[PDB]
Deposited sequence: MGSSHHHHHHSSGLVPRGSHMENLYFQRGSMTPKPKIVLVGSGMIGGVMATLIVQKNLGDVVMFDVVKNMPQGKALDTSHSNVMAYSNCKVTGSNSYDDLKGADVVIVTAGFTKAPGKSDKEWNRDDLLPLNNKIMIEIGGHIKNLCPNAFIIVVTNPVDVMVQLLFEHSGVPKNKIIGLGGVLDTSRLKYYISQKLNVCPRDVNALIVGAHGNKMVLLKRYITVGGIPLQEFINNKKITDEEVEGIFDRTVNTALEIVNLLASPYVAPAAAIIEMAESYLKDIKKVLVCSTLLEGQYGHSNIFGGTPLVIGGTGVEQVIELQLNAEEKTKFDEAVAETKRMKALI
């Protein structure tokens, strides 16, 4: 009766996700990791927070892929991140193959969210080896990236962060396409605020660069991004589990949109109870489309290196 959420990967992001799931009473949680005992420990700690949250989510740890059985949602964060980053692609491909095989056998009706980087490659690899329908698997990207852009704008303009809307498309990572044309504040075009000298074009460009550079900025400060990534993922999962039909930018299978096929890329989607209910194709101008093309080209380049 309660949803089963399996976290494939119980690292930094996995931990925060389990915490938020208990806070929101969203479902039972399996914290899976190939590393022995650690996820069981994290699960034990997290389970006690049910009391403070007035929730009732079972939180367990697992080192067995057999616990994917009957999952309603599967969130994949596991994979190599440390020692050229391209060198990690064949390793993580192998991991995606393994996971895919289990999903196919044990929870083929699950909704799958992929986080492992580079996400636009990894999500397609898992799609190919899991056999799940295209409307049932997406990758994390736009919700996180746009949360950075929205937040920075909101702080310059002194408004509620959620009241800034913005779209970032194409791919997660350094080739992300920031669409200046599509930024609004309380529903009002950003350009009105630029005209009123509340923010300059220069400052906006600085905020674009900071958005692109945020992960590196956090790592250079001897931290790692996992709170905002976890919150973004849980926003996606919750939109599925509660059939909210939020418009969220995620990585999805392109079937001709933006002139590309047989590749995943970031685009606004509607996430509801049946999974991806709508794929929205933005009416990009030529320059924006060129940037999208470049993002997709980089995804393809890396896909060839598995």
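Engineer: Give me the ranges of the deposited sequence that have no CA atoms here, in sequence order.
Structural biologist: Unmodelled stretches: 1-32, 116-123.
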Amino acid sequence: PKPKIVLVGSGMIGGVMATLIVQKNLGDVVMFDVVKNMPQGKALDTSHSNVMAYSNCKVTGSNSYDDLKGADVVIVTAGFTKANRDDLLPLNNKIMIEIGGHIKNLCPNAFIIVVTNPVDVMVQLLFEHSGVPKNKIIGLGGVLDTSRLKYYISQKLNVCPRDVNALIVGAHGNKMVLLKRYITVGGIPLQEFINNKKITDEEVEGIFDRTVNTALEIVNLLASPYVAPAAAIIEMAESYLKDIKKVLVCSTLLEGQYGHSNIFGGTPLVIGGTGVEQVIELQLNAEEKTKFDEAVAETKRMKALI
From here on, numbers count along this sequence of modelled residues.
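Engineer: Would you say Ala83 goes unmodelled in a third or more of the other compared entries?
Structural biologist: Yes, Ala83 lacks coordinates in at least a third of the other compared entries that model both of its neighbours.
Engineer: In the PDB record, does 251-259 or 236-244 carry the higher mean Cα temperature factor?
Structural biologist: According to the PDB entry, the answer is 251-259.
Engineer: According to the deposited model, is the average Cα temperature factor higher in 213-221 or in 85-93?
Structural biologist: On average, C-alpha B-factors are higher across 85-93.
Engineer: Out of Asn109, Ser147, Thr77, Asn135, whose C-alpha atom has the biggest B factor in the entry?
Structural biologist: The C-alpha B-factor peaks, among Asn109, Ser147, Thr77, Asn135, at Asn109.
Engineer: Going by what the PDB entry lists, where does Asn285 fall on CA B-factor within its chain: lowest, middle or highest third?
Structural biologist: CA B-factor rank for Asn285: middle third.
Engineer: Going by the entry, which third of its chain does the Cα temperature factor of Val35 land in?
Structural biologist: Tercile = middle for this residue's CA B-factor.
Engineer: Relative to the other modelled residues of the same chain, rank the CA B-factor of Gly41 and answer lowest, middle or highest third.
Structural biologist: Its C-alpha B-factor, which the entry lists for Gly41, ranks in the lowest third among residues of this chain.
Engineer: When the modelled residues of the chain are sorted by Cα temperature factor, does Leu190 land in the lowest, middle or highest third?
Structural biologist: Answer is highest: the recorded C-alpha B-factor places it there.
Engineer: Compare the C-alpha B factor of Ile168 with those of the other modelled residues in its chain, then answer lowest, middle or highest third.
Structural biologist: Within its chain, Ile168 is a middle-third residue by C-alpha B-factor, going by the deposited values.
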